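The chain that follows stands alone, in the form solved without this ligand, written as C-alpha coordinates.
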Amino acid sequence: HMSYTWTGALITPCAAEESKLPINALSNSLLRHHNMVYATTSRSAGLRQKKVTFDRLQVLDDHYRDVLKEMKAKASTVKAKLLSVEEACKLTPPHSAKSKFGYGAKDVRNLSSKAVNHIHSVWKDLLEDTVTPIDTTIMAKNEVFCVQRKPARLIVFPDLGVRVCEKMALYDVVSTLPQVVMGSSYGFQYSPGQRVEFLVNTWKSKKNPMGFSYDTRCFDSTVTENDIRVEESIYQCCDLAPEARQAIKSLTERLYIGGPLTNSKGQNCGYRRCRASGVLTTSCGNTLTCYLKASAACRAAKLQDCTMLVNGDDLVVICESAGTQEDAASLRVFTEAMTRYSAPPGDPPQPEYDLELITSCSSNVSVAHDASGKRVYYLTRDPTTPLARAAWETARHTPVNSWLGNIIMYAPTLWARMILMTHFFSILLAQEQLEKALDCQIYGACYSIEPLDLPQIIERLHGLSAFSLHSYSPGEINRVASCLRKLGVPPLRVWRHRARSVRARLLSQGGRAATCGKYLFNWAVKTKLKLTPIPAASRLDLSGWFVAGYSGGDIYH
(Lines give C-alpha, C1' and ligand atoms only; values in the text may rest on other atoms or scores of the structure.)
Protein backbone atom coordinates (compact mmCIF):
# COMPACT_ATOMS: atom_id res chain seq x y z
CA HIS A 1 0.00 0.00 0.00
CA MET A 2 2.69 2.55 -1.15
CA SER A 3 1.62 6.23 -1.57
CA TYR A 4 3.69 6.33 -4.82
CA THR A 5 5.68 4.17 -7.25
CA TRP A 6 8.44 5.77 -9.30
CA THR A 7 10.13 5.04 -12.65
CA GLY A 8 13.26 7.17 -12.31
CA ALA A 9 12.15 9.86 -14.79
CA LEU A 10 12.82 13.27 -13.24
CA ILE A 11 10.18 15.82 -12.21
CA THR A 12 11.02 18.52 -14.76
CA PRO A 13 10.48 22.32 -14.73
CA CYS A 14 8.12 24.20 -17.13
CA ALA A 15 10.33 27.34 -17.35
CA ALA A 16 13.63 28.81 -16.02
CA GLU A 17 13.92 28.38 -12.25
CA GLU A 18 15.70 30.78 -9.85
CA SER A 19 16.68 29.55 -6.37
CA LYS A 20 18.83 32.50 -5.08
CA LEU A 21 17.00 35.72 -4.08
CA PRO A 22 16.99 38.22 -7.07
CA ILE A 23 18.41 41.63 -6.18
CA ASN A 24 17.29 45.02 -7.51
CA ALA A 25 17.59 48.72 -6.35
CA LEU A 26 14.71 48.18 -3.82
CA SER A 27 15.88 44.91 -2.12
CA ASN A 28 18.22 46.48 0.50
CA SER A 29 15.50 48.83 1.83
CA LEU A 30 13.60 45.65 2.89
CA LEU A 31 16.18 42.88 3.65
CA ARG A 32 20.02 42.90 3.77
CA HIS A 33 20.70 39.16 4.59
CA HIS A 34 20.00 37.91 1.01
CA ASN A 35 21.72 34.48 1.56
CA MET A 36 18.93 33.58 4.09
CA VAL A 37 16.21 33.69 1.37
CA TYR A 38 15.67 30.97 -1.28
CA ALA A 39 13.04 29.53 -3.69
CA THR A 40 12.50 25.76 -4.03
CA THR A 41 13.09 24.35 -7.56
CA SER A 42 12.68 20.99 -9.41
CA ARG A 43 16.35 20.41 -8.42
CA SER A 44 15.14 19.32 -4.91
CA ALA A 45 12.10 17.26 -6.15
CA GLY A 46 14.02 13.95 -5.74
CA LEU A 47 14.34 14.48 -1.95
CA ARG A 48 10.60 15.30 -1.70
CA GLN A 49 9.84 12.05 -3.63
CA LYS A 50 11.76 10.11 -0.93
CA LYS A 51 9.85 11.82 1.96
CA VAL A 52 6.31 11.34 0.50
CA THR A 53 6.88 7.63 -0.39
CA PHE A 54 5.78 5.17 2.35
CA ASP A 55 3.46 2.24 2.98
CA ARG A 56 0.10 3.13 4.61
CA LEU A 57 -1.70 0.73 6.91
CA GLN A 58 -5.21 1.40 8.25
CA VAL A 59 -7.08 -0.18 11.13
CA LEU A 60 -10.72 1.05 11.20
CA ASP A 61 -12.61 0.63 14.50
CA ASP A 62 -16.15 1.39 15.72
CA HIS A 63 -15.37 5.06 16.67
CA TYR A 64 -14.41 5.67 12.97
CA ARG A 65 -17.66 4.15 11.53
CA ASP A 66 -19.78 5.87 14.26
CA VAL A 67 -18.35 9.29 13.23
CA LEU A 68 -18.70 8.44 9.52
CA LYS A 69 -22.40 7.43 9.96
CA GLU A 70 -23.08 10.80 11.70
CA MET A 71 -21.27 12.77 8.96
CA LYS A 72 -23.26 10.94 6.22
CA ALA A 73 -26.54 11.77 8.06
CA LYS A 74 -25.70 15.51 7.91
CA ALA A 75 -24.38 15.12 4.28
CA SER A 76 -27.80 13.66 3.26
CA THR A 77 -29.41 17.13 3.94
CA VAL A 78 -27.25 18.75 1.21
CA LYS A 79 -28.74 19.52 -2.21
CA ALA A 80 -26.08 20.34 -4.78
CA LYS A 81 -26.33 21.66 -8.32
CA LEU A 82 -24.47 20.90 -11.54
CA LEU A 83 -22.66 23.89 -12.94
CA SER A 84 -22.97 24.67 -16.68
CA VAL A 85 -19.78 24.54 -18.85
CA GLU A 86 -19.94 28.39 -18.91
CA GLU A 87 -20.13 28.78 -15.06
CA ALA A 88 -17.20 26.31 -14.69
CA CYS A 89 -15.16 28.16 -17.39
CA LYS A 90 -15.57 31.51 -15.56
CA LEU A 91 -14.15 30.07 -12.26
CA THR A 92 -10.95 29.17 -14.19
CA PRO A 93 -7.90 31.40 -13.32
CA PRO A 94 -6.62 33.53 -16.27
CA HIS A 95 -3.09 32.05 -15.96
CA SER A 96 -4.16 28.41 -15.21
CA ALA A 97 -2.01 25.66 -16.87
CA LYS A 98 -2.99 25.25 -20.56
CA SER A 99 -4.59 22.05 -21.86
CA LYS A 100 -2.48 19.49 -23.84
CA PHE A 101 -5.40 19.53 -26.36
CA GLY A 102 -4.56 22.90 -27.95
CA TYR A 103 -6.29 25.56 -25.86
CA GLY A 104 -5.51 27.58 -22.74
CA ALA A 105 -7.06 29.20 -19.65
CA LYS A 106 -7.98 32.39 -21.62
CA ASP A 107 -9.75 30.27 -24.32
CA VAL A 108 -11.72 28.55 -21.48
CA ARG A 109 -12.65 31.95 -19.88
CA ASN A 110 -13.61 33.37 -23.35
CA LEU A 111 -15.97 30.38 -23.91
CA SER A 112 -14.11 29.59 -27.18
CA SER A 113 -15.78 26.85 -29.27
CA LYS A 114 -12.55 24.71 -29.28
CA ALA A 115 -12.24 24.75 -25.42
CA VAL A 116 -16.02 24.24 -24.79
CA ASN A 117 -16.20 21.41 -27.37
CA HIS A 118 -13.26 19.65 -25.66
CA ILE A 119 -14.79 20.09 -22.13
CA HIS A 120 -18.08 18.57 -23.50
CA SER A 121 -16.14 15.55 -24.89
CA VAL A 122 -14.24 15.05 -21.51
CA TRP A 123 -17.66 15.21 -19.72
CA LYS A 124 -19.17 12.56 -22.11
CA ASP A 125 -16.02 10.43 -21.45
CA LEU A 126 -16.44 10.69 -17.61
CA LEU A 127 -20.10 9.58 -18.01
CA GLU A 128 -19.36 6.62 -20.37
CA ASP A 129 -16.09 5.41 -18.76
CA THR A 130 -15.60 5.03 -14.97
CA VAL A 131 -12.41 2.85 -14.99
CA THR A 132 -9.60 4.38 -17.17
CA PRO A 133 -6.94 6.16 -14.97
CA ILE A 134 -6.83 9.84 -15.93
CA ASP A 135 -3.36 11.25 -16.67
CA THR A 136 -1.90 13.92 -14.33
CA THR A 137 1.09 16.27 -14.51
CA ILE A 138 3.56 16.18 -11.53
CA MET A 139 5.45 19.49 -10.91
CA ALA A 140 7.81 20.97 -8.29
CA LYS A 141 6.30 24.13 -6.73
CA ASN A 142 8.48 27.26 -6.70
CA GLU A 143 8.01 28.64 -3.17
CA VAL A 144 10.13 31.09 -1.20
CA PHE A 145 11.38 30.48 2.37
CA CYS A 146 14.01 31.60 4.90
CA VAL A 147 16.78 29.08 5.83
CA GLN A 148 16.70 27.20 9.24
CA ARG A 149 16.59 24.36 2.98
CA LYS A 150 13.23 22.55 2.47
CA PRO A 151 12.83 20.41 -0.70
CA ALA A 152 10.23 21.50 -3.28
CA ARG A 153 6.62 20.61 -2.57
CA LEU A 154 4.89 18.66 -5.33
CA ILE A 155 1.73 19.56 -7.27
CA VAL A 156 -0.28 16.85 -9.13
CA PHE A 157 -3.02 18.06 -11.47
CA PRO A 158 -5.14 16.73 -14.36
CA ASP A 159 -5.54 18.52 -17.74
CA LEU A 160 -7.46 21.85 -17.99
CA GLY A 161 -10.40 20.03 -19.66
CA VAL A 162 -10.74 17.64 -16.66
CA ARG A 163 -10.47 20.57 -14.18
CA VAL A 164 -13.46 22.37 -15.81
CA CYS A 165 -15.37 19.02 -15.52
CA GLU A 166 -14.47 18.77 -11.80
CA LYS A 167 -16.06 22.27 -11.33
CA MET A 168 -19.24 21.21 -13.19
CA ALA A 169 -19.70 18.08 -10.99
CA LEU A 170 -18.29 19.17 -7.59
CA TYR A 171 -17.93 22.97 -7.22
CA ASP A 172 -21.32 23.34 -5.46
CA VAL A 173 -20.59 20.16 -3.38
CA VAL A 174 -17.10 21.29 -2.11
CA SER A 175 -18.57 24.76 -1.37
CA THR A 176 -21.67 23.73 0.71
CA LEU A 177 -21.08 20.16 2.07
CA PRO A 178 -18.22 20.80 4.65
CA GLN A 179 -20.10 23.44 6.70
CA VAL A 180 -23.24 21.27 6.73
CA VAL A 181 -21.24 18.18 7.90
CA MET A 182 -18.98 19.99 10.42
CA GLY A 183 -20.99 23.08 11.41
CA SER A 184 -18.88 25.61 13.37
CA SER A 185 -15.84 23.23 13.14
CA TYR A 186 -15.25 24.07 9.44
CA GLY A 187 -12.56 26.75 9.45
CA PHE A 188 -12.88 28.06 5.85
CA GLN A 189 -16.35 29.66 6.46
CA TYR A 190 -14.66 32.33 8.68
CA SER A 191 -12.94 35.62 8.01
CA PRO A 192 -9.81 36.02 10.30
CA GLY A 193 -11.99 38.06 12.76
CA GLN A 194 -14.72 35.40 12.86
CA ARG A 195 -12.00 32.73 13.40
CA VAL A 196 -10.60 34.64 16.47
CA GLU A 197 -14.20 35.04 17.79
CA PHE A 198 -14.80 31.26 17.38
CA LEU A 199 -11.50 30.39 19.18
CA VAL A 200 -12.14 32.83 22.09
CA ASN A 201 -15.80 31.69 22.60
CA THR A 202 -14.66 28.01 22.53
CA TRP A 203 -11.76 28.64 24.99
CA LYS A 204 -14.25 30.44 27.39
CA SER A 205 -16.85 27.63 26.94
CA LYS A 206 -14.54 25.19 28.83
CA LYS A 207 -14.24 25.04 32.68
CA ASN A 208 -10.50 24.27 32.42
CA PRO A 209 -9.62 24.76 28.71
CA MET A 210 -6.79 22.79 27.09
CA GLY A 211 -5.88 23.06 23.45
CA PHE A 212 -3.48 21.62 20.92
CA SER A 213 -2.81 21.47 17.22
CA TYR A 214 -2.19 18.22 15.34
CA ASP A 215 0.48 18.07 12.63
CA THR A 216 0.05 15.05 10.29
CA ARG A 217 3.33 14.12 8.57
CA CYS A 218 2.79 14.51 4.71
CA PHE A 219 -1.07 14.52 4.98
CA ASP A 220 -1.76 14.04 1.22
CA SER A 221 0.48 10.91 1.12
CA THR A 222 -1.25 9.49 4.27
CA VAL A 223 -4.62 9.61 2.40
CA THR A 224 -5.47 5.98 1.38
CA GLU A 225 -7.75 4.49 -1.34
CA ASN A 226 -10.29 3.79 1.46
CA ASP A 227 -10.24 7.48 2.56
CA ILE A 228 -10.90 8.67 -1.00
CA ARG A 229 -13.79 6.12 -1.47
CA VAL A 230 -15.24 7.23 1.93
CA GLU A 231 -15.11 10.90 0.71
CA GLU A 232 -16.99 9.79 -2.45
CA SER A 233 -19.68 7.98 -0.36
CA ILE A 234 -20.11 11.26 1.66
CA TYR A 235 -20.50 13.34 -1.60
CA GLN A 236 -23.03 10.67 -2.83
CA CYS A 237 -25.23 11.39 0.31
CA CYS A 238 -26.11 14.75 -1.30
CA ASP A 239 -29.25 15.21 -3.42
CA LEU A 240 -27.52 15.36 -6.83
CA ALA A 241 -28.55 15.19 -10.52
CA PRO A 242 -27.92 11.62 -11.92
CA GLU A 243 -25.19 12.97 -14.31
CA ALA A 244 -23.42 14.58 -11.30
CA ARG A 245 -23.53 11.18 -9.42
CA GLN A 246 -21.98 9.45 -12.46
CA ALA A 247 -19.25 12.14 -12.96
CA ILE A 248 -18.35 12.04 -9.19
CA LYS A 249 -18.09 8.22 -9.30
CA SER A 250 -15.96 8.41 -12.49
CA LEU A 251 -13.63 11.20 -11.19
CA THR A 252 -13.17 9.22 -7.95
CA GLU A 253 -12.25 5.92 -9.73
CA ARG A 254 -10.24 7.50 -12.53
CA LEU A 255 -8.58 10.49 -10.83
CA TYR A 256 -9.07 10.97 -7.06
CA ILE A 257 -8.03 7.39 -5.95
CA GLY A 258 -4.85 7.56 -8.05
CA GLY A 259 -3.26 7.57 -11.45
CA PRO A 260 -0.12 7.88 -13.58
CA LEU A 261 2.25 10.80 -13.06
CA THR A 262 3.65 12.63 -16.09
CA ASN A 263 6.46 15.24 -16.03
CA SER A 264 6.34 18.53 -18.05
CA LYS A 265 8.33 16.72 -20.82
CA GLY A 266 5.64 14.02 -21.21
CA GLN A 267 7.62 11.23 -19.47
CA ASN A 268 6.02 8.77 -17.05
CA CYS A 269 7.45 9.48 -13.52
CA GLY A 270 5.35 6.88 -11.77
CA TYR A 271 1.98 6.23 -10.14
CA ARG A 272 0.03 7.92 -7.28
CA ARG A 273 -2.16 5.96 -4.77
CA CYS A 274 -2.86 8.91 -2.47
CA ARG A 275 -4.44 12.42 -2.49
CA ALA A 276 -3.68 14.51 -5.59
CA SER A 277 -2.61 18.01 -4.36
CA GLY A 278 -3.99 19.83 -7.43
CA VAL A 279 -7.65 18.75 -7.78
CA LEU A 280 -10.93 20.53 -6.90
CA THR A 281 -11.62 18.13 -3.99
CA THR A 282 -8.11 18.48 -2.36
CA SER A 283 -9.24 20.97 0.34
CA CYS A 284 -12.76 19.48 1.00
CA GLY A 285 -11.46 15.89 0.90
CA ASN A 286 -8.61 16.78 3.29
CA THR A 287 -11.11 18.65 5.58
CA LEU A 288 -13.59 15.75 5.82
CA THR A 289 -10.88 13.10 6.24
CA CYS A 290 -8.98 15.09 8.90
CA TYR A 291 -12.24 15.81 10.80
CA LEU A 292 -13.37 12.14 10.52
CA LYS A 293 -10.02 10.74 11.76
CA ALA A 294 -9.68 13.44 14.53
CA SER A 295 -13.30 13.09 15.80
CA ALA A 296 -12.94 9.28 16.01
CA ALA A 297 -9.44 9.73 17.65
CA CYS A 298 -11.03 12.12 20.25
CA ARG A 299 -13.57 9.37 21.22
CA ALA A 300 -10.78 6.71 21.27
CA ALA A 301 -8.66 8.96 23.53
CA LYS A 302 -11.66 9.85 25.84
CA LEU A 303 -10.93 13.59 25.35
CA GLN A 304 -13.68 15.53 27.22
CA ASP A 305 -15.86 18.04 25.26
CA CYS A 306 -13.63 18.29 22.12
CA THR A 307 -14.23 21.20 19.78
CA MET A 308 -12.50 20.83 16.45
CA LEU A 309 -11.32 23.65 14.16
CA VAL A 310 -10.43 22.07 10.80
CA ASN A 311 -9.11 23.70 7.58
CA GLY A 312 -7.94 20.83 5.34
CA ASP A 313 -4.99 19.18 7.16
CA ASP A 314 -4.82 22.13 9.65
CA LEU A 315 -6.32 20.81 12.93
CA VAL A 316 -6.96 22.60 16.23
CA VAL A 317 -8.60 20.83 19.17
CA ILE A 318 -9.97 22.67 22.25
CA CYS A 319 -11.17 20.40 25.08
CA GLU A 320 -11.68 20.04 28.87
CA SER A 321 -8.37 19.55 30.79
CA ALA A 322 -7.72 16.70 33.34
CA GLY A 323 -4.39 18.21 34.56
CA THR A 324 -1.00 18.33 32.73
CA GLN A 325 0.04 14.62 33.30
CA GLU A 326 -3.27 13.10 32.17
CA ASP A 327 -3.48 15.56 29.22
CA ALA A 328 -0.03 14.34 28.11
CA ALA A 329 -1.36 10.72 28.22
CA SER A 330 -4.61 11.59 26.33
CA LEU A 331 -2.63 13.27 23.47
CA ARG A 332 -0.45 10.15 23.15
CA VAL A 333 -3.63 8.00 22.86
CA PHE A 334 -5.10 10.56 20.36
CA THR A 335 -1.83 10.33 18.32
CA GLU A 336 -1.88 6.48 18.50
CA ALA A 337 -5.52 6.45 17.21
CA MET A 338 -4.62 9.01 14.42
CA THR A 339 -1.64 6.73 13.47
CA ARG A 340 -3.89 3.58 13.22
CA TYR A 341 -6.18 5.62 10.89
CA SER A 342 -3.09 6.50 8.68
CA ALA A 343 -2.60 10.09 9.92
CA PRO A 344 0.74 9.70 11.83
CA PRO A 345 2.25 12.85 13.42
CA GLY A 346 5.17 14.98 12.28
CA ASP A 347 5.86 16.91 15.48
CA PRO A 348 3.88 15.25 18.34
CA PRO A 349 1.03 17.39 19.81
CA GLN A 350 1.72 19.51 22.93
CA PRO A 351 -1.02 20.49 25.41
CA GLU A 352 -1.53 24.29 25.85
CA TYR A 353 -3.28 26.17 28.66
CA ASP A 354 -3.08 29.66 27.10
CA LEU A 355 -5.02 30.31 23.84
CA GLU A 356 -2.15 32.56 22.55
CA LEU A 357 0.27 29.56 22.78
CA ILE A 358 -1.68 27.32 20.33
CA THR A 359 0.18 27.42 16.96
CA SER A 360 -1.34 25.80 13.86
CA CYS A 361 0.22 26.34 10.37
CA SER A 362 2.52 29.14 11.78
CA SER A 363 -0.58 31.09 13.04
CA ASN A 364 -1.63 32.08 16.62
CA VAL A 365 -4.07 34.30 18.58
CA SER A 366 -2.50 37.48 20.03
CA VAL A 367 -3.68 40.57 21.90
CA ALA A 368 -3.46 44.39 21.39
CA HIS A 369 -5.62 47.41 22.33
CA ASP A 370 -8.06 49.40 20.20
CA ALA A 371 -8.41 53.25 20.30
CA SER A 372 -10.64 52.98 23.46
CA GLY A 373 -7.97 50.89 25.29
CA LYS A 374 -10.09 47.72 25.17
CA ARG A 375 -8.23 44.35 24.87
CA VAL A 376 -8.66 42.97 21.31
CA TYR A 377 -7.75 39.42 20.16
CA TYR A 378 -6.45 39.04 16.59
CA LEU A 379 -4.63 36.47 14.43
CA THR A 380 -0.92 36.81 13.74
CA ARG A 381 1.96 34.48 12.67
CA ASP A 382 5.73 34.31 12.66
CA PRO A 383 6.61 36.95 9.99
CA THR A 384 9.78 35.18 8.58
CA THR A 385 8.10 33.50 5.54
CA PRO A 386 5.88 36.58 4.71
CA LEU A 387 9.05 38.79 4.88
CA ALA A 388 11.19 36.34 2.82
CA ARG A 389 8.40 36.24 0.14
CA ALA A 390 8.08 40.06 0.26
CA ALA A 391 11.86 40.30 -0.56
CA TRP A 392 11.40 38.00 -3.59
CA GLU A 393 8.30 40.01 -4.71
CA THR A 394 10.31 43.27 -4.36
CA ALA A 395 12.59 42.11 -7.28
CA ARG A 396 10.23 39.76 -9.23
CA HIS A 397 6.58 39.70 -10.34
CA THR A 398 4.93 36.42 -9.24
CA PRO A 399 1.54 34.80 -10.19
CA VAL A 400 0.44 35.16 -6.54
CA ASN A 401 1.33 38.33 -4.61
CA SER A 402 1.93 36.95 -1.09
CA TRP A 403 2.38 40.51 0.28
CA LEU A 404 -1.13 41.46 -0.80
CA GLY A 405 -2.73 38.29 0.57
CA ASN A 406 -0.70 38.88 3.78
CA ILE A 407 -1.84 42.57 4.12
CA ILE A 408 -5.50 41.42 3.65
CA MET A 409 -5.43 38.40 6.06
CA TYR A 410 -2.94 39.86 8.58
CA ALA A 411 -4.01 43.56 8.39
CA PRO A 412 -4.23 44.05 12.25
CA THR A 413 -0.65 42.76 12.82
CA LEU A 414 2.37 44.91 13.80
CA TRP A 415 4.53 43.52 10.93
CA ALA A 416 1.92 43.76 8.05
CA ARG A 417 1.02 47.34 9.01
CA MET A 418 4.49 48.75 9.65
CA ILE A 419 6.48 46.83 7.04
CA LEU A 420 4.33 45.29 4.26
CA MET A 421 1.90 48.24 3.85
CA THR A 422 4.80 50.79 4.02
CA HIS A 423 7.14 48.97 1.62
CA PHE A 424 4.69 47.92 -1.11
CA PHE A 425 2.69 51.19 -1.09
CA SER A 426 6.04 53.09 -1.48
CA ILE A 427 6.78 50.83 -4.55
CA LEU A 428 3.23 51.17 -6.09
CA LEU A 429 3.39 55.02 -5.73
CA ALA A 430 6.84 55.21 -7.48
CA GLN A 431 5.62 52.80 -10.26
CA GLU A 432 2.20 54.48 -10.72
CA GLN A 433 0.51 51.05 -10.13
CA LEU A 434 -1.99 51.84 -7.31
CA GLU A 435 -4.97 51.18 -9.74
CA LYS A 436 -3.49 47.95 -11.24
CA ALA A 437 -5.43 44.77 -10.19
CA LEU A 438 -3.13 42.16 -8.64
CA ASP A 439 -3.74 38.47 -8.02
CA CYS A 440 -3.59 36.98 -4.55
CA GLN A 441 -4.84 33.84 -2.83
CA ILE A 442 -7.48 33.74 -0.05
CA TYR A 443 -8.11 30.19 1.35
CA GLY A 444 -6.55 28.71 -1.84
CA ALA A 445 -8.92 30.67 -4.18
CA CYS A 446 -7.44 33.32 -6.59
CA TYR A 447 -8.67 36.95 -6.44
CA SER A 448 -7.91 40.00 -8.53
CA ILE A 449 -7.58 42.97 -6.11
CA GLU A 450 -6.75 46.66 -6.63
CA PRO A 451 -4.47 47.86 -3.77
CA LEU A 452 -6.54 51.13 -3.64
CA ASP A 453 -9.49 49.02 -2.29
CA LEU A 454 -7.42 47.70 0.66
CA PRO A 455 -8.98 50.06 3.38
CA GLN A 456 -12.58 48.91 2.56
CA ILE A 457 -11.53 45.20 2.33
CA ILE A 458 -9.71 45.42 5.69
CA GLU A 459 -12.73 47.19 7.30
CA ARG A 460 -15.05 44.42 6.07
CA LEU A 461 -12.84 41.53 7.30
CA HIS A 462 -11.42 42.97 10.55
CA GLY A 463 -13.42 46.11 11.36
CA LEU A 464 -12.03 49.65 11.91
CA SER A 465 -9.95 48.46 14.97
CA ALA A 466 -7.36 46.98 12.47
CA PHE A 467 -6.43 50.64 11.71
CA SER A 468 -6.21 51.50 15.53
CA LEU A 469 -4.41 48.55 17.22
CA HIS A 470 -1.60 49.54 19.59
CA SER A 471 0.21 48.21 22.75
CA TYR A 472 0.98 44.83 21.11
CA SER A 473 2.12 41.98 23.41
CA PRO A 474 5.83 41.81 24.48
CA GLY A 475 5.89 38.25 23.08
CA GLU A 476 4.63 39.51 19.67
CA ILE A 477 6.87 42.67 19.56
CA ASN A 478 9.89 40.45 20.46
CA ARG A 479 9.15 37.83 17.74
CA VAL A 480 8.87 40.64 15.10
CA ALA A 481 12.09 42.39 16.34
CA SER A 482 14.05 39.06 16.45
CA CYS A 483 12.81 38.22 12.90
CA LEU A 484 14.05 41.64 11.61
CA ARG A 485 17.55 41.12 13.11
CA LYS A 486 17.71 37.56 11.63
CA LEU A 487 16.75 38.75 8.09
CA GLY A 488 18.59 42.09 8.22
CA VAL A 489 15.34 44.06 7.91
CA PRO A 490 15.50 47.77 9.09
CA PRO A 491 14.15 48.31 12.68
CA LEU A 492 10.49 49.32 13.35
CA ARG A 493 11.52 53.01 14.02
CA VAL A 494 12.82 53.17 10.39
CA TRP A 495 9.43 51.83 9.13
CA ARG A 496 7.52 54.39 11.23
CA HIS A 497 9.67 57.16 9.61
CA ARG A 498 9.14 55.78 6.04
CA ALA A 499 5.38 55.38 6.72
CA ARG A 500 4.93 59.12 7.46
CA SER A 501 6.43 59.77 3.99
CA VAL A 502 4.29 57.04 2.29
CA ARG A 503 1.22 58.53 4.09
CA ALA A 504 1.99 62.13 2.89
CA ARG A 505 2.63 60.81 -0.69
CA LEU A 506 -0.76 59.00 -0.70
CA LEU A 507 -2.63 62.06 0.72
CA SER A 508 -1.06 64.27 -2.06
CA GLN A 509 -2.56 61.94 -4.77
CA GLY A 510 -6.08 62.52 -3.29
CA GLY A 511 -9.11 60.26 -3.85
CA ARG A 512 -8.76 56.49 -3.08
CA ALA A 513 -4.98 56.95 -2.52
CA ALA A 514 -5.65 59.62 0.19
CA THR A 515 -8.11 57.17 1.86
CA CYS A 516 -5.19 54.60 1.87
CA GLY A 517 -2.96 57.23 3.51
CA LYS A 518 -5.64 58.13 6.10
CA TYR A 519 -6.65 54.60 7.17
CA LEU A 520 -3.59 52.39 6.59
CA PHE A 521 -1.04 54.82 8.02
CA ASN A 522 -2.92 56.62 10.86
CA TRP A 523 -0.61 54.72 13.30
CA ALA A 524 2.42 56.60 11.79
CA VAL A 525 1.38 60.17 12.75
CA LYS A 526 1.46 61.80 16.24
CA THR A 527 -1.83 63.73 15.78
CA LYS A 528 -4.18 60.83 14.82
CA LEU A 529 -7.41 61.21 12.82
CA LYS A 530 -10.81 59.83 13.99
CA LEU A 531 -11.48 57.04 11.47
CA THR A 532 -15.15 56.60 10.48
CA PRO A 533 -16.80 53.74 8.43
CA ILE A 534 -15.88 53.95 4.70
CA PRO A 535 -19.07 54.18 2.51
CA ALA A 536 -17.40 52.12 -0.27
CA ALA A 537 -16.93 49.12 2.14
CA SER A 538 -20.71 48.36 2.20
CA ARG A 539 -20.83 48.32 -1.66
CA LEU A 540 -18.01 45.69 -1.84
CA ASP A 541 -19.22 42.34 -3.20
CA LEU A 542 -17.39 40.05 -0.77
CA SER A 543 -19.56 37.02 -1.61
CA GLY A 544 -17.50 33.91 -2.40
CA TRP A 545 -15.05 35.13 0.28
CA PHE A 546 -14.97 32.82 3.36
CA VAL A 547 -17.29 30.05 2.15
CA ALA A 548 -14.83 27.24 1.51
CA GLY A 549 -11.19 26.30 0.93
CA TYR A 550 -10.04 25.64 -2.63
CA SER A 551 -6.23 24.94 -2.25
CA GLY A 552 -5.03 23.26 -5.46
CA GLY A 553 -8.61 23.58 -6.74
CA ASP A 554 -7.86 25.95 -9.66
CA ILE A 555 -10.51 28.51 -8.45
CA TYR A 556 -10.67 32.18 -9.52
CA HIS A 557 -13.35 34.31 -7.68
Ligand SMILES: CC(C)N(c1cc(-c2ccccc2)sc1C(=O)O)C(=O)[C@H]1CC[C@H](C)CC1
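Start at 1 with the first residue shown and count on from there.
There is another form of this protein, the form solved in complex with this ligand, and it is not shown here; the text below is about that form.
- Annotation: in the entry with it bound, residues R417, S471 and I477 each come within 4.5 Å of this ligand through at least one heavy atom.
- Picking from 417 to 425, 174 to 182, 96 to 104, 430 to 438 the stretch near this ligand in the entry with it bound, with a 4.5 Å limit on heavy atoms, gives 417 to 425.
- Proximity of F54 to this ligand in the entry with it bound: non-hydrogen atoms within 4.5 Å are absent; the residue sits far from the partner.
- Although the partner is absent from this view, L492 contacts this ligand in the entry with it bound, with a non-hydrogen atom inside 4.5 angstroms.
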